[PDB]
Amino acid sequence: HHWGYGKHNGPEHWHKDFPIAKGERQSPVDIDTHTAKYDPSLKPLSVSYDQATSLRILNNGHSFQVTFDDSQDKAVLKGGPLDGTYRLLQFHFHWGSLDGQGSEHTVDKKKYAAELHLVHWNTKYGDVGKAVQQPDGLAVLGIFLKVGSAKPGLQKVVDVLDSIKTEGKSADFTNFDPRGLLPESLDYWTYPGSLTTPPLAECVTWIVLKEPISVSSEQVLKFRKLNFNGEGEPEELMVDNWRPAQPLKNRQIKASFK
């Protein structure tokens, strides 16, 4: 009985109640490698996750999310296009009903099997609730998933999804090191955008890594066995929880690499 990814409530309908859906800095977008230009002014990007403290994993009926203790500069993201310090709040994924789709961003119109989002907030604004009201309030680090060999860093996640099958279910989820989900290269594209779900707020600097991570066909299949619904409600399997690419309009996608 609210927005989702179904026949009634999915991305094609969100504009009926979230008019910013047709706005001037919406996400995701297609990243055209012929027009996304190298920017020599981009400063080095610093992913600092060695102090990350994971807390819980939750199925909220839109995705599953892993939360972190962001109460001090534990896990942070700095540099790149960003000014100051952004703290890691949570991560979650978007994925498809089959391997040939599921990512939100695309590259030369190619869809990946899934996309990982590491959500960070700008400490200049003091807290998340203030940050999300500002155009530079959040930075989301996006990582593509392709099907290949199994990803060891995803094992802990895969092993607990059966315990959070339905909407509202959560589990303790400590000592998860998000570095295991990063590719070797931190080469990236960046542009100003929005949340890719309602409320679609235009408060995000996107940093999308060029190198995908490979996960096994079984690992991404396990994401597809989660339920959008709650316990006792009839089953609706959690798949195709991605928004398609939106018009770039008056924005430039910058590459960190030549």
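Residue numbers run from 1 along the displayed sequence.
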query	finding
Comparing 136-144 with 81-89, the one whose average Cα B-factor in the PDB entry is higher	81-89
Higher-B stretch (mean Cα B-factor, as the entry records it), 15-23 or 230-238	230-238
Selection from 47, 221, 203, 208 [criterion: highest C-alpha temperature factor in the record]	47
Most elevated Cα B-factor in the entry, residues 94, 179, 120, 109	109
Within-chain third of residue 165 by Cα B-factor, per the entry	highest
Ranked against its chain, the third holding the CA B-factor of residue 153	middle
Residue 3 - which third its CA temperature factor falls in, relative to the rest of the chain	lowest
Relative C-alpha B-factor of residue 35, binned into the chain's lowest, middle or highest third	highest
Position of residue 103 among the chain's modelled residues by C-alpha B-factor, lowest, middle or highest third	lowest
